[PDB]
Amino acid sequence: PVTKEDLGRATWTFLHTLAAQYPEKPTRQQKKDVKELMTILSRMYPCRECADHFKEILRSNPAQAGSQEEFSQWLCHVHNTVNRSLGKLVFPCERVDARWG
């Protein structure tokens, strides 16, 4: 049950939905939790290789949690790096808000 793909789809839904709700002017804690959440995922994501790649991506592209727009975009760019590595379509990050409300 639950393949690498099912996990990915579920998590992206959670992450992008989360970035869709992120506040315009986040508090110091909300900013901290978002960054901590990504760090935790870089170590804990339930798919070995996937977690290593996320770790790399996170190293070179730290989370932009300054606001809803920066986080939504950042998360979309991160998702695209994975898409590209897998030979999948690359999503236009100007439409993230249209895809995730």
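The first residue of the shown sequence is 1; numbering continues from there.
As listed in the deposited structure, the average C-alpha B-factor of 71-79 and of 52-60 is greater for 52-60. In the PDB entry, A65 places in the middle third of its chain by CA B-factor. For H16, the recorded CA temperature factor ranks within the lowest third of the chain's modelled residues. Split the chain's modelled residues into thirds by C-alpha temperature factor. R84 is in the highest one.
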